[PDB]
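Structure record follows, encoded as structure tokens.
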Amino acid sequence: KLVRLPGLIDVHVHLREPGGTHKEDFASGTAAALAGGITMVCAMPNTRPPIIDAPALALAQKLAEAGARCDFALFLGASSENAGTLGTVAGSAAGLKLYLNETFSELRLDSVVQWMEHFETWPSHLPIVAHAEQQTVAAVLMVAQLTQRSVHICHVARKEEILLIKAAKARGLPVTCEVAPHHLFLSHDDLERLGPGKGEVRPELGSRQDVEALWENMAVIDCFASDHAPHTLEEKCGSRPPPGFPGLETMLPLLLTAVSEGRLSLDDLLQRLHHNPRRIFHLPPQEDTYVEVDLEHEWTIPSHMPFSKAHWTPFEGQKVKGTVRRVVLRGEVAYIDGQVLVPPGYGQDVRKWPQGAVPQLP
Ligand SMILES: [Zn+2]
Ligand SMILES: [Zn+2]
């Protein structure tokens, strides 16, 4: 029989519009989301132009409203110049994203003083998330403590990182974190097959001991999120490959396979792709919205999934059990068996729903 799930939420996607529409756009990426059982996405701001000011946010909002097929919220990006300038639009974003390490972005903040400035000026009731690797996790936690507020750590990939977060939680610090499927299901053992172009990702793939540490410490992981980071194969295999993997269409099948193997429970999945995303990002419910999955269907991930313009996947050849059969989004059939059935523009900005505003003290 099928299993009906609530509408799942991916709090970490790169939809490339505006500026990189050859790699993906709102319409292609949201189709990929629906095919992966995802009905709500939070889009990162490392676009061109980057979403680091009110005019760029307004542009992105209209592009998303015209192109998205599922519902969404848009992150604002911290820059070396915009601390203290975001207060009037902060409430309309998913949250504030800080890039603290080298990756596919122009927004790296060089000085910890700039991190402090953002933590002090961004509204304290609104989410802050960080790309923060290895010791950078400890550094940004220290900034969060100094400014007495929470922080969310994106794509945790290392034993070192999950143990540090575990220690912080044991001391009662307000830290949450997410893990991406490639850091649960791929490792150094896969770099031979992938090669140095396809295999380029930040955070980098970890050792078998890193992967085992994440599974052993699943209780520490608040969310799963894809860090869907599409680039074309030509870009991945070029001289200077951008880091990142596409992942919306493979995330849920990989995790369902783990459920079928007893590696985690259905509830574990629903906490990490629905309940905790809702509560960490204050995201609203979606009325008359659900995902029907088939837990029996065995298949092999092909060389590319149907919808992402990335047109490749690092999970090619992996055997999975579990597939998305049907998605209903706000009372309309949005996806069935490889066919997306809602048009670009069906999706809405959840921060403009009355239930989507983040409550705050007057
Ligand atoms: Zn990142
Ligand atoms: Zn990312």
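Any read-out appearing in this document is the output of simple, stated calculations on the displayed coordinates, not a laboratory observation. For neighbour counting, all protein chains shown are included, and Cβ atoms are generated from backbone atoms with ideal geometry for every residue, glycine included.
Which condition breaks for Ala168 when tested against (1) surrounded by 15 or more Cβ atoms within 10 Å (Cβ to Cβ); (2) within 16 Å of ligand 1 (Cβ to nearest atom)?
That leaves (2) as the condition not met.
Okay, residues lined up against (1) more than 13 Å from the chain's Cα centre (by Cα); (2) surrounded by fewer than 23 Cβ atoms within 10 Å (Cβ to Cβ); (3) closer than 23 Å to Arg326 by Cα; (4) within 16 Å of ligand 2 (Cβ to nearest atom):
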{"position": "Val3", "(1), (2), (3), (4)": "yes, yes, yes, no"}
{"position": "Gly7", "(1), (2), (3), (4)": "yes, no, yes, no"}
{"position": "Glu17", "(1), (2), (3), (4)": "yes, no, no, yes"}
{"position": "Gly20", "(1), (2), (3), (4)": "yes, yes, no, yes"}
{"position": "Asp25", "(1), (2), (3), (4)": "yes, yes, yes, no"}
{"position": "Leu34", "(1), (2), (3), (4)": "yes, no, yes, no"}
{"position": "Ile38", "(1), (2), (3), (4)": "no, no, yes, yes"}
{"position": "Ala58", "(1), (2), (3), (4)": "yes, yes, no, no"}
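Please determine whether any residue of region 134-142 is surrounded by 15 or more Cβ atoms within 10 Å (Cβ to Cβ), of a type outside the set (A, V, I, L, M, F, W, C), within 15 Å of ligand 2 (Cβ to nearest atom) and over 22 Å from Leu361 (Cβ atoms).
yes
Could you pull out the residue among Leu57, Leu98, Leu74, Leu86 that is in contact (Cβ under 8 Å) with a residue 12 or more places away in the chain and under 13 Å from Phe26 (Cα atoms)?
Details: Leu57 fails: under 13 Å from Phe26 (Cα atoms); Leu98 fails: under 13 Å from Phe26 (Cα atoms); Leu86 fails: under 13 Å from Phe26 (Cα atoms).
It is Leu74.
Do we find that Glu249 is under 30 Å from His282 (Cα atoms) and either free of Cβ contacts under 8 Å to residues at least 24 places away in the same chain or among the acidic types (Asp, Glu) (or both) in this structure?
Numbers: under 30 Å from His282 (Cα atoms): yes; either free of Cβ contacts under 8 Å to residues at least 24 places away in the same chain or among the acidic types (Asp, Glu) (or both): yes.
Judged against the criteria, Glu249 is a match.
When you scan region 200-236, how many residues do you find that are within 16 Å of ligand 2 (Cβ to nearest atom), outside any loop (DSSP other than H, G, I, E, B) and hydrophobic (A, V, I, L, M, F, W, C)?
2
Report yes if some residue within region 40-52 is within 30 Å of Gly322 (Cα to Cα), among the hydroxyl-bearing types (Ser, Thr, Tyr) and under 18 Å from the mean Cα position of the chain (by Cα); otherwise report no. Walk me through it before giving the result.
If we filter region 40-52 for residues that are within 30 Å of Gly322 (Cα to Cα), which is where we start, we get 40-44.
Of the ones still in play, those that are also among the hydroxyl-bearing types (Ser, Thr, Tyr) are none.
No: zero hits.
Do we have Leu86 as buried (at least 21 other Cβ atoms within 10 Å of the Cβ), within 16 Å of ligand 1 (Cβ to nearest atom) and either hydroxyl-bearing (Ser, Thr, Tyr) or farther than 15 Å from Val175 by Cα (or both) here? Break it down into steps so the answer makes sense when it comes.
Numbers: buried (at least 21 other Cβ atoms within 10 Å of the Cβ): yes; within 16 Å of ligand 1 (Cβ to nearest atom): no; either hydroxyl-bearing (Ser, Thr, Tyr) or farther than 15 Å from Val175 by Cα (or both): yes.
No: the conditions fail for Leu86.
Would you mind listing the strands (runs of 3 or more DSSP E) fully within region 69-153 where at least 2 residues are in contact with a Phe, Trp or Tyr (Cβ under 7 Å, 6 or more places away or on another chain) and of a type outside the set (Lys, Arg)? If you could, list the steps in order and put the result at the bottom.
Numbers: elements: 71-74, 96-99, 128-131, 151-153.
In region 69-153, the matching strands (runs of 3 or more DSSP E) lie at 96-99, 128-131.
With β-branched (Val, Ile, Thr), assigned to a loop (DSSP other than H, G, I, E, B), surrounded by 13 or more Cβ atoms within 10 Å (Cβ to Cβ) and touching a strand residue (DSSP E or B) at 6+ places or on another chain (Cβ under 6 Å) as the only criterion, which of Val342, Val291, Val324 stands out?
Details: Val291 fails: assigned to a loop (DSSP other than H, G, I, E, B); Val324 fails: assigned to a loop (DSSP other than H, G, I, E, B).
Exactly one of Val342, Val291, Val324 is β-branched (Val, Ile, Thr), assigned to a loop (DSSP other than H, G, I, E, B), surrounded by 13 or more Cβ atoms within 10 Å (Cβ to Cβ) and touching a strand residue (DSSP E or B) at 6+ places or on another chain (Cβ under 6 Å), namely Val342.
If you go through region 224-240 one residue at a time, how many are touching a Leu at 6+ places or on another chain (Cβ under 7 Å) and either surrounded by fewer than 24 Cβ atoms within 10 Å (Cβ to Cβ) or among the aromatic types (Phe, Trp, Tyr) (or both)?
The qualifying residues number 1.
Checking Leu100 against (1) more than 16 Å from ligand 1 (Cβ to nearest atom); (2) under 25 Å from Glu235 (Cα atoms); (3) touching a helix residue (DSSP H, G or I) at 6+ places or on another chain (Cβ under 8 Å), only one condition comes out false. Which one?
All conditions are met except number (1).
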